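Trainee: Curious how this folds, go ahead:
(chains A and B)
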Number of protein chains: 2
Amino acid sequence: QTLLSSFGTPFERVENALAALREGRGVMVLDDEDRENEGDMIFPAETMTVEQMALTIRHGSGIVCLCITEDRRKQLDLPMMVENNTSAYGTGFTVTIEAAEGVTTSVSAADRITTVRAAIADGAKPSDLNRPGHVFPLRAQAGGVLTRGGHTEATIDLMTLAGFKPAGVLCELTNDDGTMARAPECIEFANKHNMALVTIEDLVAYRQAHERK
Amino acid sequence: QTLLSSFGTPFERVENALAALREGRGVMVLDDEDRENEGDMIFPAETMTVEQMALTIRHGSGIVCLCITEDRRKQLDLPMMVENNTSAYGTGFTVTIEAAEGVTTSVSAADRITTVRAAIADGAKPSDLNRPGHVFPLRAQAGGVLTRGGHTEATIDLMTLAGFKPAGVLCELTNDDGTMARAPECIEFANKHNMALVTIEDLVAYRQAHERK
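Mentor: Residues are numbered from 1 along each chain as shown, chains lettered A, B, ... in the order given. Structure as follows:
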């Protein structure tokens, strides 16, 4: 029927993504069903393993981001990277971070996981993170995808709907030749690694219908 | 004789690295000859091709950095990322950058090359770059490795000794399993891709001897 119809109806695709996150698997997030659009891999920040971080560095851009809420950004006392944000999407990059303890060169998969876990910990303090670093936090807008339909918001919204703390790891899927993976390559990669697939349009509609009354 | 003795004497290793950069090949930079140390791949910012950027994303951390001088940082009007730098090495990260024209999702190898080329162009202006972005500039300390023996300084020093503008691209070599490549893996990767190998200690000594009188 549609490009993603084999993964369920729009609302089924959301629920399947939630089930995947709860089961320790990844999720592939697309903007819509345009076959020329690209996709991001996402994992819950709480449960992401070193192997999953290794997979993300190996097949992603390597610019592995930590989506967090505004209250977490305030708890970590992380300034936004630029006051006058001139990026095309208004991406909410904060200052970059490194775990203050337990890392060496900080770019290994284990070291980035150590940094992610320090940032999202219950009781995390600003002194638990050095700046700058090699993990890139992204601050989601209040309201999630109902305010801004970005991957940052979609990531957070999916984590809370799955029952996790509002924090997720994301990275863009990259072909081995340096080009970015478009929708058919994203679908094949997700089938190969047992990841669910959902669009941001699916999630917007899901949240609008479920939060009404 | 030594771990790197097959690549020439210390001073020969520098000259071989210069020849490699002039010939359009990469260079593997190590700190010293400790077999447990890690290494970075570097290319001249002027001549780095999309294929070389693809190789860097595929086998590196994906955190692909642009080493620049202070005068270039002033020409681009790029603030340092943090005022109070608390990283272990005092890494000179500026605000991150994106070409203001000619990119889409900005993480593809072609798009990062477009961003690098906009930053290093003769006559580059601050409005040629949006901030934040997906290329990470590094500001070398004045004096190069004679002031600070970091990979940022070594990169710049190698480019100027090779006859290029003082700007180079660097990234840490990553194993496929997520661990960082130590010296034997760096040597094999360099032999496989016809890259020269040099240490920062070689380069410090080279510059001290050649700049005396």
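Trainee: Would you agree residue A:27 is in contact with residue A:41?
Mentor: Yes: between residue A:27 and residue A:41 there is a contact under Cβ atoms under 8 Å: 7.4 Å. Yep, even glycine has a C-beta here, placed from its N, CA and C like the rest.
Trainee: and for these two, which residues touch both?
Mentor: Shared contacts of residue A:27 and residue A:41, defined by Cβ atoms under 8 Å, 6 or more residues apart in numbering or on different chains, are found at residue A:195.
Trainee: what about those two, which has more around it?
Mentor: Taking other Cβ atoms under 10 Å in any protein chain shown, residue A:27 and residue A:41 do not tie; residue A:27 has more neighbours (29 against 25).
Trainee: Tell me what the more buried one is bridged to.
Mentor: residue A:42, residue A:196 (DSSP bridges).
Trainee: How much space separates it from chain B?
Mentor: Distance from residue A:27 to chain B, counting by Cβ to the nearest Cβ, to the nearest Å: 19 Å.
Trainee: can you check residue A:161 too?
Mentor: 26 Å.
Trainee: Neighbours of that residue, how many?
Mentor: Residue A:161: 18 surrounding residues under other Cβ under 10 Å.
Trainee: ok, it - contacts?
Mentor: Neighbour list for residue A:161: A:14, A:18 [criterion: Cβ under 8 Å, 6+ apart].
Trainee: of all of chain A, which residue lies closest to chain B?
Mentor: Proximity of chain A to chain B (Cβ to the nearest Cβ) peaks at residue A:62, 1.1 Å away.
Trainee: List phi and psi for the residue nearest to that residue when sequence neighbours are not counted.
Mentor: Leaving out its chain neighbours, the residue that sits closest to residue A:62 by Cβ to Cβ, 6 or more residues apart in numbering or on different chains is residue B:62, at 1.1 Å. Backbone torsions of residue B:62, given as degrees, to the nearest 10, read phi 80, psi -10.
Trainee: Centre of the chain to stretch A:147-167, how far?
Mentor: From the chain centre to the centre of stretch A:147-167 is a distance of 8 Å (Cα atoms, centre = their mean, to the nearest Å).
Trainee: And it, end to end?
Mentor: With Cα to Cα, to the nearest Å as the measure, stretch A:147-167 spans 17 Å from end to end.
Trainee: One more: stretch A:55-72?
Mentor: As for stretch A:55-72, its first-to-last residue distance stands at 26 Å under the measure Cα to Cα.
Trainee: Would you mark the buried spots in it?
Mentor: A:55-69, A:72 (16 or more other Cβ atoms under 10 Å in any protein chain shown).
Trainee: So residue A:78 is in contact with residue A:94, correct?
Mentor: Yes: Residue A:78 is within contact range of residue A:94, at 4.3 Å (criterion: Cβ under 8 Å).
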